[PDB]
Structure formats: C-alpha cells, structure tokens
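What follows is a single structure, written as structure tokens, with notes after it.
We place every Cβ from the backbone using ideal geometry, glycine too, and count neighbours over all the protein chains shown. Please treat every number below as a calculation from the coordinates, not as lab data.
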Amino acid sequence: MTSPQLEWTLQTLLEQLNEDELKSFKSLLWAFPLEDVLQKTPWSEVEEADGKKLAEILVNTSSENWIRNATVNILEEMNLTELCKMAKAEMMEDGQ
C-alpha cells in the first residue's frame, strides 16, 4: 500500500474514463447505497469535478479499503473490464 500511488491510481482510472463516461459513473455512484459519509458526498463538487477531481472526492470521504472496492464496482457497472482490471491490480491490492 502506498500513499501517492494510492490516490494516483484513482485519478489514472478516472483520467481514462471521463468525457461522457464520468457522467454515467456519478449516476451509478448515486445508485448504490451511500454509506454514512457517502450520504453527504458533495455533489456540488462531483458536478464540475472531472477525472482527478472526482477521484479526490472518493478519497475525501471513505477509507482506501472501501474505495478500492467502490471504484471497481462502478466500472463493473459500466461493463468496463479492461481499465477496471487495472484497478483490480493496483487499487485493490489484495494483501492484508
């Protein structure tokens, strides 16, 4: 587990998917049960937030262990395998 690469992995995925993609992503994110702090997730930021900025909002709320699964589930919901398997290799490092 790292600290820079941690948040970097998020942005890297979200810099690959964003154009009209993030618009979907945000909506899918608003479709799953937002847990405690996610319930107050600043949509005002997420609105104008793109790519890096959106990743920032994910690490703004939850712990990496939740996010590393969270971001993946959204990609899964977008039928994104390719770049999601990048996340499954990087973000969600299954160690301990």
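Between beta-carbons, use under 15 Å as the cut-off and find the net charge around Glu90, counting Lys and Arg +1, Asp and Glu -1.
Residues close to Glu90 contribute a combined charge of -3.
With each run of n ≥ 4 DSSP H residues scored as -39500 (n - 2.57), what mean residue ellipticity at 222 nm is computed for the chain after dividing by its residue count and rounding to the nearest 500 deg cm²/dmol?
-16000 deg cm²/dmol
Give me the compactness ratio for segment 43-96, meaning the Cα radius of gyration over 2.2 N^0.38 Å. All intermediate terms of the calculation are to be shown ahead of the outcome.
On the way: Rg = 11.6 Å, N = 54, 2.2 N^0.38 = 10.0 Å.
Compared with the compact-globule rule of thumb, segment 43-96 sits at 1.16.
With +1 on the Cβ of every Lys and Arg and -1 on the Cβ of every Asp and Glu, and nothing else charged, how large is the dipole of the chain about its Cα centre, in debye rounded to the nearest 20? All intermediate terms of the calculation are to be shown ahead of the outcome.
On the way: 8 positive and 19 negative charges, 25 e Å.
Computed charge dipole of the chain: roughly 120 debye.
Please list, by residue number, every one of the chymotrypsin sites (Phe, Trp or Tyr not before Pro) in segment 7-57 that is coil in DSSP and has at most 12 other beta-carbon atoms within 10 Å.
Those that pass, being in a loop and sparsely packed, are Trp30.
Taking θ as phi - 60°, what are the ³J(HN,Hα) couplings along segment 40-45 by the Karplus curve (6.51, -1.76, 1.60), each to the nearest whole Hz, with x for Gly and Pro?
Coupling constants for segment 40-45: 10, 3, x, 5, 4, 7 Hz.
Per Stokes-Einstein, at 20 °C and 1.002 mPa s, what whole-number D in µm² s⁻¹ belongs to the chain, with the Kirkwood radius over Cα pairs as the hydrodynamic radius?
163 µm²/s
Quote the relative contact order of the chain in percent (integer), defining contacts as alpha-carbon pairs under 8 Å separated by 6+ residues.
40 percent
Among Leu54, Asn79, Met1, which residue has its Cα positioned farthest towards the positive end of the charge dipole of the chain, with +1 placed on the Cβ of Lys and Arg, -1 on the Cβ of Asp and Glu, and the dipole taken about the Cα centre?
Checked the options; the winner is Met1.
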